[PDB]
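Below you will find one chain, with nothing else, as structure tokens; this is the form deposited in one PDB entry, and questions on how it binds or moves follow later.
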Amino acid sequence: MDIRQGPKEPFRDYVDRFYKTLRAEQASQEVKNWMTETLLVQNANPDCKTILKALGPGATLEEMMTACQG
């Protein structure tokens, strides 16, 4: 997964790039969930990454987007 959030890139824009790469692999729902819990958080920028980790397990993409909106 080459996609990494730019330090000034809006979270939603990063999410779209991330999912564009995810779609190319026709990932199932379970795979999407795993990728959202791991790589989406791990590849987020310094500011957003801290916030996302502080959400705990089971946080939805929506809750992540709400947390890092801007």
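For clarity, a rigid core is taken as the largest C-alpha set superposing within 1.5 Å between two forms. Numbers for residues come from their place in the sequence shown, where the first is 1.
In this entry, the higher average B-factor at the C-alpha atoms falls on 49-57, of the pair 10-18 and 49-57. For the segment pair 35-43 and 22-30, the entry gives 22-30 the higher mean B-factor, averaged over Cα atoms.
If you look for the form deposited in another entry, you will not find it shown, but the lines that follow are about it.
With the core held fixed between the shown form and the other one, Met35 has its Cα displaced by at least 2 Å. Superposed on the core, the two forms barely differ at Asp47: its CA moves less than 2 Å between the shown form and the other one.
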